[PDB]
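Asks: So that you have it, the file is input28.txt, and it contains compact mmCIF, C-alpha atoms and all ligand atoms:
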# COMPACT_ATOMS: atom_id res chain seq x y z
CA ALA K 11 -55.22 14.30 15.93
CA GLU K 12 -55.46 14.92 12.19
CA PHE K 13 -58.68 15.03 10.20
CA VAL K 14 -60.47 11.73 9.58
CA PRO K 15 -62.34 11.99 6.23
CA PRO K 16 -66.05 11.13 6.45
CA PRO K 17 -67.38 8.24 4.35
CA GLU K 18 -67.98 8.94 0.68
CA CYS K 19 -71.44 9.98 -0.49
CA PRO K 20 -73.13 8.08 -3.34
CA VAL K 21 -71.88 8.66 -6.88
CA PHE K 22 -74.18 7.94 -9.82
CA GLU K 23 -73.02 7.46 -13.43
CA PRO K 24 -76.33 7.35 -15.31
CA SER K 25 -76.62 5.90 -18.78
CA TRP K 26 -77.86 7.99 -21.69
CA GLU K 27 -81.34 6.57 -21.05
CA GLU K 28 -81.26 7.46 -17.35
CA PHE K 29 -79.78 10.89 -18.20
CA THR K 30 -82.92 11.85 -20.16
CA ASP K 31 -84.60 13.86 -17.38
CA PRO K 32 -83.06 15.13 -14.11
CA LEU K 33 -86.21 15.19 -11.99
CA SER K 34 -87.07 11.64 -13.04
CA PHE K 35 -83.54 10.47 -12.24
CA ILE K 36 -83.31 12.32 -8.91
CA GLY K 37 -86.66 10.82 -7.93
CA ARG K 38 -85.42 7.28 -8.58
CA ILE K 39 -82.15 7.74 -6.65
CA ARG K 40 -83.98 9.43 -3.76
CA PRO K 41 -84.33 6.29 -1.53
CA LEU K 42 -80.52 6.16 -1.24
CA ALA K 43 -79.38 9.76 -1.72
CA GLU K 44 -81.84 11.21 0.80
CA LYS K 45 -80.24 8.94 3.42
CA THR K 46 -76.89 10.67 2.79
CA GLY K 47 -78.08 14.26 2.24
CA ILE K 48 -75.85 14.86 -0.79
CA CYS K 49 -74.93 12.84 -3.86
CA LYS K 50 -72.72 13.21 -6.92
CA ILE K 51 -73.87 12.70 -10.52
CA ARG K 52 -71.40 12.14 -13.36
CA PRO K 53 -72.95 12.82 -16.79
CA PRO K 54 -72.10 10.57 -19.74
CA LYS K 55 -68.59 11.03 -21.06
CA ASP K 56 -69.68 12.87 -24.22
CA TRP K 57 -71.90 15.38 -22.37
CA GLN K 58 -69.58 18.41 -22.33
CA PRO K 59 -71.36 21.79 -22.31
CA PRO K 60 -69.28 24.76 -23.49
CA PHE K 61 -68.50 27.55 -21.04
CA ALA K 62 -70.79 30.39 -22.13
CA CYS K 63 -69.84 33.20 -19.75
CA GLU K 64 -68.66 36.55 -21.12
CA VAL K 65 -65.08 36.08 -19.95
CA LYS K 66 -63.86 39.29 -21.60
CA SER K 67 -65.97 41.50 -19.31
CA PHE K 68 -66.25 39.13 -16.31
CA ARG K 69 -65.21 41.29 -13.35
CA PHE K 70 -66.00 40.92 -9.67
CA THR K 71 -64.84 41.92 -6.20
CA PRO K 72 -64.61 38.74 -4.10
CA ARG K 73 -65.39 38.56 -0.40
CA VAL K 74 -62.60 38.07 2.14
CA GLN K 75 -62.65 34.96 4.34
CA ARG K 76 -60.57 34.52 7.49
CA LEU K 77 -60.47 30.79 8.19
CA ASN K 78 -59.99 31.10 11.97
CA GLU K 79 -62.33 34.06 12.54
CA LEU K 80 -64.50 32.15 15.02
CA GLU K 81 -61.60 30.59 16.94
CA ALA K 82 -59.80 33.93 17.15
CA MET K 83 -63.15 35.73 17.54
CA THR K 84 -61.91 38.44 15.17
CA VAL K 358 -61.44 44.22 -1.49
CA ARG K 359 -59.67 44.23 -4.86
CA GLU K 360 -61.34 43.85 -8.25
CA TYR K 361 -60.38 40.83 -10.35
CA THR K 362 -61.03 39.45 -13.77
CA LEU K 363 -61.41 35.69 -14.22
CA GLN K 364 -57.77 35.54 -15.34
CA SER K 365 -56.35 37.80 -12.61
CA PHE K 366 -58.26 35.91 -9.92
CA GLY K 367 -56.99 32.60 -11.28
CA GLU K 368 -53.44 33.95 -11.32
CA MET K 369 -53.82 34.98 -7.67
CA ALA K 370 -55.48 31.67 -6.78
CA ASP K 371 -52.80 29.46 -8.34
CA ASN K 372 -49.99 31.60 -6.90
CA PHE K 373 -51.51 31.32 -3.42
CA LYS K 374 -51.85 27.54 -3.50
CA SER K 375 -48.47 26.85 -5.09
CA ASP K 376 -46.75 29.18 -2.61
CA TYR K 377 -48.59 27.70 0.38
CA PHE K 378 -47.85 24.05 -0.42
CA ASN K 379 -44.49 24.70 -2.15
CA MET K 380 -45.48 22.55 -5.14
CA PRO K 381 -47.51 22.82 -8.37
CA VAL K 382 -51.21 23.32 -7.73
CA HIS K 383 -52.25 20.15 -9.58
CA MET K 384 -49.82 18.04 -7.52
CA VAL K 385 -51.33 18.83 -4.09
CA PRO K 386 -53.38 15.82 -2.93
CA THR K 387 -57.01 16.50 -2.11
CA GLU K 388 -56.57 14.78 1.26
CA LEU K 389 -53.79 17.24 2.15
CA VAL K 390 -55.80 20.38 1.36
CA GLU K 391 -58.70 18.88 3.32
CA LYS K 392 -56.52 18.08 6.34
CA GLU K 393 -54.82 21.49 6.24
CA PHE K 394 -58.10 23.38 5.79
CA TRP K 395 -59.61 22.09 9.03
CA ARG K 396 -56.33 22.61 10.89
CA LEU K 397 -56.30 26.26 9.80
CA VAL K 398 -59.94 26.78 10.80
CA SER K 399 -59.08 25.91 14.42
CA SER K 400 -55.53 27.30 14.35
CA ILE K 401 -54.75 30.22 16.65
CA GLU K 402 -51.10 30.91 15.68
CA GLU K 403 -51.68 30.98 11.89
CA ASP K 404 -54.14 33.42 10.29
CA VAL K 405 -54.80 32.38 6.68
CA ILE K 406 -56.97 34.71 4.60
CA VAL K 407 -58.50 33.84 1.21
CA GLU K 408 -61.04 35.39 -1.16
CA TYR K 409 -64.20 33.99 -2.70
CA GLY K 410 -66.12 35.22 -5.71
CA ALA K 411 -69.51 34.27 -4.31
CA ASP K 412 -73.14 35.08 -5.12
CA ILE K 413 -72.48 36.33 -8.65
CA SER K 414 -75.81 36.34 -10.46
CA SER K 415 -76.04 34.61 -13.83
CA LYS K 416 -77.68 37.80 -15.14
CA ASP K 417 -74.52 39.89 -14.70
CA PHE K 418 -72.26 38.15 -17.24
CA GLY K 419 -74.46 35.27 -18.39
CA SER K 420 -74.75 31.72 -17.12
CA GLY K 421 -71.96 29.18 -17.48
CA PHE K 422 -74.40 27.16 -19.63
CA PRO K 423 -75.47 28.31 -23.11
CA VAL K 424 -78.87 29.99 -22.99
CA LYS K 425 -81.12 30.96 -25.90
CA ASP K 426 -81.14 34.53 -24.57
CA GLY K 427 -80.09 36.26 -27.78
CA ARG K 428 -77.35 38.09 -25.84
CA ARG K 429 -74.65 35.69 -27.10
CA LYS K 430 -74.29 33.43 -30.12
CA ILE K 431 -75.08 29.73 -29.74
CA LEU K 432 -73.30 27.38 -32.13
CA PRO K 433 -75.26 24.46 -33.62
CA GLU K 434 -73.16 22.04 -31.55
CA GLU K 435 -74.17 23.99 -28.41
CA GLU K 436 -77.95 24.07 -28.90
CA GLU K 437 -78.49 20.67 -27.26
CA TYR K 438 -76.90 22.06 -24.09
CA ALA K 439 -79.05 25.20 -24.21
CA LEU K 440 -82.14 22.95 -24.34
CA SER K 441 -80.89 20.21 -22.00
CA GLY K 442 -82.83 19.47 -18.84
CA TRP K 443 -79.54 19.37 -16.94
CA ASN K 444 -78.90 22.98 -17.94
CA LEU K 445 -79.41 24.71 -14.59
CA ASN K 446 -81.36 27.48 -16.34
CA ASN K 447 -83.91 24.85 -17.39
CA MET K 448 -84.67 23.45 -13.93
CA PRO K 449 -88.16 24.04 -12.50
CA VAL K 450 -88.00 26.75 -9.83
CA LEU K 451 -91.68 27.50 -9.10
CA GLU K 452 -93.29 25.97 -6.00
CA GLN K 453 -97.03 25.30 -6.07
CA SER K 454 -98.66 27.81 -3.72
CA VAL K 455 -101.93 29.68 -3.33
CA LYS K 467 -85.10 32.43 -9.42
CA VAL K 468 -81.94 32.20 -11.54
CA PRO K 469 -78.67 30.29 -11.03
CA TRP K 470 -75.81 31.92 -9.14
CA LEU K 471 -72.08 31.67 -9.85
CA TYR K 472 -69.17 30.94 -7.51
CA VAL K 473 -65.51 31.54 -8.37
CA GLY K 474 -63.42 29.65 -5.83
CA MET K 475 -59.81 29.38 -4.74
CA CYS K 476 -57.93 27.13 -2.33
CA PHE K 477 -59.49 27.20 1.18
CA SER K 478 -62.49 29.35 0.14
CA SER K 479 -65.44 27.73 1.86
CA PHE K 480 -69.12 27.78 2.80
CA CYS K 481 -70.29 26.83 6.29
CA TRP K 482 -73.09 24.51 7.39
CA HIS K 483 -76.55 25.48 6.26
CA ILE K 484 -79.76 24.39 4.59
CA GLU K 485 -81.43 26.01 1.61
CA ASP K 486 -84.33 28.41 2.03
CA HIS K 487 -87.73 26.68 2.27
CA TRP K 488 -85.90 23.33 2.64
CA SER K 489 -85.46 23.39 -1.13
CA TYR K 490 -83.45 21.08 -3.33
CA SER K 491 -80.26 22.42 -4.87
CA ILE K 492 -78.14 21.29 -7.81
CA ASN K 493 -74.53 22.40 -8.32
CA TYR K 494 -72.39 22.07 -11.45
CA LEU K 495 -68.63 22.60 -11.51
CA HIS K 496 -67.94 24.09 -14.94
CA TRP K 497 -64.15 23.87 -14.69
CA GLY K 498 -61.22 24.03 -12.31
CA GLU K 499 -59.96 22.13 -9.30
CA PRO K 500 -62.43 20.03 -7.29
CA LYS K 501 -64.91 21.30 -4.71
CA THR K 502 -65.02 19.26 -1.50
CA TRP K 503 -68.48 18.71 0.00
CA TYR K 504 -69.84 17.53 3.33
CA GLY K 505 -73.46 16.49 3.75
CA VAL K 506 -75.83 15.44 6.51
CA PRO K 507 -79.10 13.58 5.76
CA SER K 508 -82.37 15.30 6.60
CA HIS K 509 -83.27 12.74 9.27
CA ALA K 510 -80.33 14.05 11.34
CA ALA K 511 -81.11 17.75 10.85
CA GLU K 512 -82.29 18.34 14.43
CA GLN K 513 -79.29 16.44 15.81
CA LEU K 514 -76.91 18.73 13.91
CA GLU K 515 -78.75 21.84 15.11
CA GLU K 516 -78.55 20.60 18.70
CA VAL K 517 -74.81 19.90 18.43
CA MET K 518 -74.31 23.30 16.78
CA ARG K 519 -76.25 25.08 19.54
CA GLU K 520 -74.20 23.19 22.14
CA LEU K 521 -70.77 24.01 20.69
CA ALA K 522 -71.19 27.20 18.64
CA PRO K 523 -70.09 30.41 20.40
CA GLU K 524 -72.47 31.37 23.20
CA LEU K 525 -72.55 34.92 21.80
CA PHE K 526 -74.25 33.57 18.64
CA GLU K 527 -76.37 30.91 20.37
CA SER K 528 -79.67 32.83 20.43
CA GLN K 529 -79.34 34.10 16.85
CA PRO K 530 -82.02 33.08 14.32
CA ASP K 531 -81.13 30.32 11.89
CA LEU K 532 -80.94 32.64 8.88
CA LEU K 533 -78.26 34.68 10.70
CA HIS K 534 -76.51 31.88 12.60
CA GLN K 535 -75.99 30.11 9.25
CA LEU K 536 -73.49 32.87 8.38
CA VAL K 537 -70.99 31.61 10.98
CA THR K 538 -71.80 27.91 11.39
CA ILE K 539 -68.38 26.54 10.50
CA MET K 540 -67.64 23.27 12.30
CA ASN K 541 -65.22 20.39 11.83
CA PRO K 542 -67.13 17.35 10.49
CA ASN K 543 -65.27 15.08 12.93
CA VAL K 544 -66.83 17.05 15.79
CA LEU K 545 -70.29 16.34 14.37
CA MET K 546 -69.42 12.68 13.80
CA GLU K 547 -68.16 12.35 17.38
CA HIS K 548 -71.60 13.54 18.56
CA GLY K 549 -73.38 10.90 16.47
CA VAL K 550 -74.20 13.05 13.42
CA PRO K 551 -73.88 11.10 10.14
CA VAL K 552 -71.67 13.04 7.72
CA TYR K 553 -70.74 12.14 4.13
CA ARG K 554 -68.09 13.69 1.89
CA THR K 555 -67.25 13.92 -1.81
CA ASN K 556 -64.82 15.60 -4.19
CA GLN K 557 -66.88 17.25 -6.93
CA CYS K 558 -64.63 17.38 -10.00
CA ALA K 559 -65.05 19.45 -13.15
CA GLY K 560 -68.10 18.50 -15.18
CA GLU K 561 -69.86 16.74 -12.28
CA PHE K 562 -73.15 17.53 -10.54
CA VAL K 563 -73.88 17.64 -6.81
CA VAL K 564 -77.49 17.45 -5.60
CA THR K 565 -78.49 18.46 -2.07
CA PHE K 566 -81.79 17.07 -0.81
CA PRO K 567 -84.43 18.93 1.23
CA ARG K 568 -83.22 19.99 4.69
CA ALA K 569 -79.82 18.37 4.08
CA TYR K 570 -77.23 20.44 5.94
CA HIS K 571 -74.09 20.84 3.87
CA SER K 572 -70.75 22.62 3.88
CA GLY K 573 -67.47 22.50 2.03
CA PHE K 574 -64.46 24.24 0.55
CA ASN K 575 -62.61 24.53 -2.75
CA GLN K 576 -59.38 22.71 -3.57
CA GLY K 577 -58.31 25.54 -5.86
CA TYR K 578 -59.27 27.80 -8.74
CA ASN K 579 -62.66 26.66 -10.04
CA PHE K 580 -66.04 27.88 -11.32
CA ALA K 581 -69.39 26.58 -10.08
CA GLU K 582 -73.05 27.28 -10.83
CA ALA K 583 -75.93 26.49 -8.48
CA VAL K 584 -79.71 26.86 -8.38
CA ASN K 585 -82.60 25.74 -6.19
CA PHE K 586 -85.23 23.62 -7.91
CA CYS K 587 -88.64 22.18 -7.08
CA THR K 588 -89.99 18.69 -7.69
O1 LIG K 601 -69.53 27.56 -3.20
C1 LIG K 601 -70.51 26.98 -3.84
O2 LIG K 601 -70.22 26.35 -4.95
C2 LIG K 601 -71.97 27.04 -3.30
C3 LIG K 601 -72.05 26.76 -1.80
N1 LIG K 601 -73.40 27.13 -1.22
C4 LIG K 601 -73.73 28.47 -0.74
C5 LIG K 601 -72.75 29.53 -0.83
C6 LIG K 601 -73.16 30.82 -0.33
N2 LIG K 601 -72.19 32.00 -0.39
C7 LIG K 601 -70.72 31.59 -0.49
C8 LIG K 601 -70.01 31.08 0.80
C9 LIG K 601 -70.19 32.00 2.05
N3 LIG K 601 -71.51 31.86 2.70
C10 LIG K 601 -71.78 30.97 3.79
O3 LIG K 601 -70.80 30.28 4.22
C11 LIG K 601 -73.16 30.80 4.47
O4 LIG K 601 -73.99 29.92 3.66
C12 LIG K 601 -72.60 32.68 2.15
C13 LIG K 601 -72.44 33.11 0.62
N4 LIG K 601 -74.43 31.02 0.17
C14 LIG K 601 -75.30 29.96 0.22
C15 LIG K 601 -76.76 30.18 0.82
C16 LIG K 601 -77.10 31.30 1.63
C17 LIG K 601 -78.42 31.47 2.15
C18 LIG K 601 -79.40 30.49 1.84
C19 LIG K 601 -79.01 29.39 1.02
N5 LIG K 601 -77.74 29.27 0.55
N6 LIG K 601 -74.98 28.70 -0.23
MN MN K 602 -76.64 27.24 -0.17
Rewrite the structure of this file - the entire thing - as structure tokens.
Replies:
Amino acid sequence: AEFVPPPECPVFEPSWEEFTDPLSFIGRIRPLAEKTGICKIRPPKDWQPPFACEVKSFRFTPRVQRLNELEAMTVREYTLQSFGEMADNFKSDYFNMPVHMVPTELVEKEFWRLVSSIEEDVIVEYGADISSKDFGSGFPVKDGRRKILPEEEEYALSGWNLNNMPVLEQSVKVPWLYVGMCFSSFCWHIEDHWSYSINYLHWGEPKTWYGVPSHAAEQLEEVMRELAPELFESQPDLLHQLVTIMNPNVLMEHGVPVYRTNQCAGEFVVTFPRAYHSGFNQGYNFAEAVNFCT
């Protein structure tokens, strides 16, 4: 009856030698991680980049998300502080306990119950698709728009700085920010041009991920087309991906391999080419993501 968590995706804790270059490291872990779609990377313990966003002027209007909008078939400005105050108040009121005491398995189980619930309409807000050009990237950048301390220059030049990832494909982009709260989510989808993606959680409560390897991409799309609303069945992928929310247990019951992970603060998540992925936030957090080429 209740949610059965998918198996855990691979977690890598590279040494300082293996942490020298991201593309080299991702290429060596590819034989395993591409069989799970997503993977988690924990940097060395002393690798702690400072949060470099202009928090004094950071303002945004988040988007409203109704969890059961598909089942039921049916805009305030915040600062970073005011959104976090709303986010913590929502979670502590909903679970009747401090936000840091709510188990991740409980938020996960309750999230998927609310998505399919008809008698309970839960509505959250998500600060999504905030460009790193608006208020700066979460990573220090030698832009000249903000001071970089000597202890922060190694992070401004690091290859794991998402602003330093290669983004140009060989033929004949900047990171985006996401301010999450409890139950704010993103549905199943693949990146444009089947591109890689790397995600870094700067701070806050964990972000729960679900991933499907690329070898099962067609199987997921077939299951989606079979069970998604018939009114959205003939929609193109770029538009259907806006409303492709589906319980992972439903995919697993149809033979789709699904892996999960809890991305905690200071940890990376890499999605491989054509790896369908979805997830939700356990609470107030801040993430940065960019597509990169190999
Ligand atoms: O929350 C994170 O830390 C990043 C999760 N990853 C996203 C998030 C995203 N936002 C936020 C969630 C709502 N939402 C969807 O649910 C449909 O995707 C769309 C807007 N949009 C994308 C995306 C879109 C088009 C092509 C590639 N990617 N990826
Ligand atoms: Mn995406």
Asks: In Å, how far is it from atom CA of residue 382 of chain K to atom CA of residue 561 of chain K?
Replies: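 Distance reported for this atom pair: 20.3 Å.
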Asks: Pick the closest to residue 448 of chain K from K:479, K:491, K:364, K:78: which is it, counting only C-alpha atoms?
Replies: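 Distance minimum relative to residue 448 of chain K lands on K:491.
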Asks: So, counting all atoms listed in the file, which residue among K:510, K:384, K:82, K:445 is closest to residue 577 of chain K?
Replies: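 Using all atoms listed in the file, the shortest distance to residue 577 of chain K belongs to K:384.
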Asks: What do you get as an MDAnalysis selection string if you pick all residues at most 8 Å from ligand LIG 601 (chain K), counting all atoms listed in the file?
Replies: chainID K and resid 409:412 471:474 478:486 493 495 501 532 535:539 572:575 580:583
Asks: Determine, counting only C-alpha atoms, which protein, DNA and RNA residues have an atom within 9 Å of an atom of segment 551-556 of chain K; residues of the same chain fewer than 6 positions away are not included. Present the result as a ChimeraX atom specification.
Replies: /K:15-21,46-50,387,500-507,510,542-543,545,573,576
Asks: Which of these, K:529, K:511, K:376, K:60, has the shortest distance to residue 432 of chain K once you count only C-alpha atoms?
Replies: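 Closest to residue 432 of chain K of all the choices is K:60.
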Asks: Compare K:579, K:496, K:469, K:513 by their minimum atom-to-atom distance to ligand MN 602 (chain K), counting only C-alpha atoms and all ligand atoms, and give me the closest one.
Replies: K:469
Asks: Given the point (-52.3, 28.6, -5.1) in the file's coordinates, find the residues that have an atom at most 12 Å from it, counting all atoms listed in the file, and give them as a PyMOL selection string.
Replies: chain K and resi 366-385+390+407-408+474-478+499+575-579
Asks: When you draw a straight line from atom CA of residue 37 of chain K to atom CA of residue 414 of chain K, how long is it in Å?
Replies: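 The value is 27.8 Å.
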Asks: So what do you get for atom CA of residue 392 of chain K versus atom CA of residue 13 of chain K, distance-wise?
Replies: 5.4 Å
Asks: Between K:544, K:522, K:83, K:492, single out the one closest to ligand MN 602 (chain K), counting only C-alpha atoms and all ligand atoms.
Replies: K:492
Asks: Find the residue from K:490, K:76, K:361, K:431 that sits nearest to residue 569 of chain K; use all atoms listed in the file when measuring.
Replies: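 Counting all atoms listed in the file, the residue closest to residue 569 of chain K is K:490.
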